């Protein structure tokens, strides 16, 4: 909203805005470090903390949750944000806390989960939680990871690496893969993730780079699509994003390409 960012244009969100679609009546769980709910540029509808040492989901001592929140609303100005705090100030959290956050999002009928986070290692418990959210009809979006490349090996973080999740990589303003953006066959789509200006705690603004801001754009895009097509299943929202992406190169690096929310929101299934 208040900090200008190229990313909103890049994914063609203004075309939805000009049609009157802004993500009205869409519940988006920001599963991250909290959201600074006292930021004048944010509104938070509810939330929960699962970080025993950081009990307030409506404060953010990391900054990532608040930056994600601002990007979600820049793309989908009318979206209802829920602050699901599973990470501490150092941007780390236990998988069990993450799972508790996912469980809360399912129980509270979230339309979209955004997981601005990933760990290097697998968990059947984490996989069961995202698979359950998808089975319950939630669109589950996650940052692909900031682990760069590892030759022919996947560097996609968990839970982005699970097939049920939409794994989002990062491009710059000229649609080139960001050097940090994780790669592999599990990568699904790309979005803007380089020098993204958004809300920071304490009524501040600033640029962040990562798959974290990239995932935020796709969570917002899912909210725009649901506002035009509130009857679409998560399966149909996901298909619309993947099948209408702008091809950018080899899928190992770029998945299906850059999301195009204008194209996605008029996809015929």
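Residue numbers count along the first chain shown, from 1.
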Of 212 to 220 and 59 to 67, which one has the bigger average CA B-factor? 59 to 67
Averaging CA B factors per stretch from the PDB record, which one is higher: 84 to 92 or 118 to 126? 118 to 126
Taking the entry's C-alpha B-factors for this chain, is residue 50 in the lowest, middle or highest third? lowest
Would you mind checking where the Cα B-factor of residue 259 ranks among the modelled residues of its chain, as the lowest, middle or highest third? lowest
Among all modelled residues of this chain, ranked by Cα B factor, put residue 42 in the bottom, middle or top third, i.e. lowest, middle or highest. highest
Using only modelled residues of the chain, where does the Cα B factor of residue 137 rank: lowest third, middle third or highest third? highest
Once the chain's modelled residues are ordered by C-alpha B factor and cut into thirds, is residue 181 in the lowest, middle or highest one? lowest
